[PDB]
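Okay, structure first, notes after.
4 protein chains.
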Amino acid sequence: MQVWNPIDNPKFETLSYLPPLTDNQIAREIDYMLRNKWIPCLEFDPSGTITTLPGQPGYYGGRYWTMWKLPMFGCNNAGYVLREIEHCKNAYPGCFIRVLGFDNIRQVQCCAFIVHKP
Amino acid sequence: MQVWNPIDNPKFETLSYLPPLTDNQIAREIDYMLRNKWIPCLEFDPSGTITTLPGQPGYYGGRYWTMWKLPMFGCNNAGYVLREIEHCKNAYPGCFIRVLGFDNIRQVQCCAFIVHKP
Amino acid sequence: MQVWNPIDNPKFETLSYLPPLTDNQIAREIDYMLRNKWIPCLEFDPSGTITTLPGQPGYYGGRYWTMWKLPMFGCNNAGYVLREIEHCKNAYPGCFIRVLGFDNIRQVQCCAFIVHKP
Amino acid sequence: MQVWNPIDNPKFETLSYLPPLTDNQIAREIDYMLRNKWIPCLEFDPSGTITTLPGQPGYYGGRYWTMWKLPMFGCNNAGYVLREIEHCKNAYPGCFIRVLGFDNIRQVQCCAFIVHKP
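Chains as they are written, first to last, in PDB author numbering: chain I, 1 to 118; chain O, 1 to 118; chain M, 1 to 118; chain K, 1 to 118.
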């Protein structure tokens, strides 16, 4: 038998139970997004913690992050999206970074995963 | 006359007012448990503190600890229970350890005492 | 003109606005108490801070301190009360000390002043 | 494009988005106040932070500061107002300083800006 470690083991949602992500594994999750006609975006924030309220159901703190520049309307290659992750990690090297994807027909997001840790 | 010291004197419930526990005194409290047909178990946790809530009677925080592997269904000797307290204190040497006992006819616990301090 | 200093200037109630208290000034406030037939006592506590509650009038925290040994029933000289302030300040040298006085006809206190600071 | 910095960038209200204020720019904002017949004043405080309350609209903490000596009733030159900012910054060199101006016909304030930072 074995015991799961309960001390200082935080998780970060989707694809967080697999071995660490490498290049040529991130470039394939963007090709699958572009051939379905979706729009990428970027985000960053220093601390990923959440809070609550005394007696209000459905309320939590810490769900909004800062948008890098603007959504990329009309991108067709996976190069301009891979060259913008380096400018962001050289100006704010002490924060987290996330990648999103939008859909306008149904008005909902489609992807979210982390690519950098402080 | 004499004065009880009120500064930095925490207590830990049952058998916490007697001189410190030694071996050949822990092995006798497990013999008395096995001849009444009860099931041992183990637990651990870093901090033993409790909290409250504004206006909810009968609610407190800090009453659940983590379970080591599983309850021992069918133990008959006090050696296998005394050899499992050493594996636990070499993997997590900075936590508390407690020993419990179970009854399945009345569905309640019967014993609880501490055997290690950080 | 002059300005009262608003930074780090705590006060401690009665007789706290006069020059610092000396001996041959504490012994005279006990003679006045004994000739009116009152009973002395002692107290101590580490921190003199108070708190409140959200919506409960007339409730505050931090009004109870610890009693030294027992009220002195039958004291008639100001020597046994002046020899008990030295045993207390040699066992707990990092706490405050207060002196009280009781009345058993109207069931109220009569005086309270501080004689030691950490 | 460019990105506004969201980390450690506090603001201080009016005239806080301009280049830093210099002399001969502070003396010209007091001449405009005196020729409209208003009364100057001074204030100081260590920390400019605000708080809230659970469910009370229109309530905030941290809006009152300490008054230096008294309002100047009858000032006619901008010298006595510029010589009182040096006595205040030599007695409390670790606090903020703010300048006000009153009106008695309509009973409201008219000006507010910072002139010193710790």
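Just so it is clear, CB atoms sit at the ideal spot from N, CA and C, and this is done for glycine as well.
Practice task
Drop a sphere of 10 angstroms on the beta-carbon of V81(I), count the other beta-carbons inside from all chains shown, and report buried for 16 or more, exposed for fewer.
Solution key: Here the question's residue 81(I) lines up with position 81 in the first sequence. Buried.
Practice task
Report the residue from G58(O), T51(O), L53(O) and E43(O) whose alpha carbon sits nearest the alpha carbon of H87(O).
Solution key: If you number the second sequence from 1, residue 87(O) lands on position 87. Taking each of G58(O), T51(O), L53(O) and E43(O) in turn and checking the Cα distance to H87(O), the smallest one comes out for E43(O).
Exercise for the section: Give the straight-line distance between the Cα atoms of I85(I) and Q2(K), rounded to the nearest whole angstrom. Expected result: Residue mapping note: residue 85(I) aligns to position 85 of the first sequence, counting from 1. Residue mapping note: residue 2(K) aligns to position 2 of the fourth sequence, counting from 1. For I85(I) and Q2(K), the distance between alpha carbons rounds to 15 Å.
Problem - Residues sharing a beta bridge with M67(M), DSSP - result: What you label residue 67(M) is simply residue 67 of the third sequence in a count that begins at 1. According to DSSP, which records beta bridges pairwise, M67(M) is partnered with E43(M).
Problem - Chain-ordered neighbours of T49(M) on chain O, where CB pairs are closer than 9 Å - result: In the third sequence, the residue the question calls residue 49(M) occupies position 49. Against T49(M), chain O offers no close residue; the least beta-carbon distance is about 16 Å (beta-carbon pairs closer than 9 Å).
Exercise for the section: Compute the distance between the beta-carbons of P71(O) and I39(O), then report whether it is under 7 Å. Expected result: Translated into positions along the second sequence, residue 71(O) becomes position 71. Translated into positions along the second sequence, residue 39(O) becomes position 39. Yes. Within cutoff.
Handout entry: Test: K69(M) CB closer than 7 Å to a CB of chain O
Key = Position 69 of the third sequence, counting from 1, holds the residue named residue 69(M). Interface flag for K69(M) against chain O is set, since a Cβ pair is found closer than 7 Å.
Problem - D103(M) - containing alpha helix (DSSP H), residue span - result: Residue mapping note: residue 103(M) aligns to position 103 of the third sequence, counting from 1. No alpha helix (DSSP H) holds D103(M); the beta strand (DSSP E) holding it covers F96 to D103.
Exercise for the section: Starting from the Cα of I105(O), find the closest Cα among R83(O), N36(O), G58(O) and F12(O) and give me that residue. Expected result: Position 105 of the second sequence, counted from the first residue, corresponds to residue 105(O). For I105(O), the nearest C-alpha among the options comes from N36(O).
Exercise for the section: Rank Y60(O), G94(O), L34(O) and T52(O) by C-alpha distance to the C-alpha of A78(O) and give the top, closest one. Expected result: Against the second sequence, residue 78(O) aligns to sequence position 78. Checking every option, the nearest Cα to that of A78(O) belongs to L34(O).
Problem - Rounded C-alpha distance that separates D45(M) from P20(M) - result: Against the third sequence, residue 45(M) aligns to sequence position 45. Against the third sequence, residue 20(M) aligns to sequence position 20. In a straight line, the C-alpha of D45(M) is about 21 Å away from that of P20(M).
Handout entry: DSSP beta-bridge partners of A112(O)
Key = As a first step, residue 112(O) must be located in the second sequence, where it is residue number 112. Answer by DSSP bridge pairing, in chain order: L100(O).
Problem - Sheet register partners of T51(I) (DSSP bridge) - result: Locating residue 51(I) in the first sequence gives position 51, counting from the first residue. When DSSP reads this structure, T51(I) sits in a beta bridge with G61(I).
Handout entry: Chain-ordered chain I contacts of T66(O) [CB-CB under 8 Å]
Key = Residue numbering aside, residue 66(O) sits at position 66 when the second sequence is read from its first letter. Listed along chain I are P6, each with a C-beta nearer than 8 Å to that of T66(O).
Exercise for the section: Could you run through the region 14 to 47 of chain I and flag, in chain order, every residue whose CB is less than 8 Å away from some CB of chain O? Expected result: Hits within the stretch: zero.
Exercise for the section: For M1(K), return the contacting residues in chain I, with the cut-off set at a CB-CB distance below 7 Å. Expected result: As a position in the fourth sequence, residue 1(K) is number 1, starting the count at 1. Here the neighbours are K69.
Problem - Nearest residue (CA-CA) to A91(O), options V99(O), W68(O) and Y32(O) - result: Start at 1 with the first residue of the second sequence, and residue 91(O) comes out as number 91. Measuring from the Cα of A91(O), the nearest candidate turns out to be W68(O).
Exercise for the section: Find out if the Cβ-Cβ distance for the pair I50(O), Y60(O) is shorter than 7 Å. Expected result: For the purposes of this step, residue 50(O) is identified with residue 50 of the second sequence, where counting begins at 1. For the purposes of this step, residue 60(O) is identified with residue 60 of the second sequence, where counting begins at 1. If you check the CB distance, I50(O) and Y60(O) come in under 7 Å.
Problem - Rounded separation between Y32(I) and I26(I) - CA only - result: Translated into positions along the first sequence, residue 32(I) becomes position 32. Translated into positions along the first sequence, residue 26(I) becomes position 26. When rounded, the distance between both Cα atoms is 11 Å.
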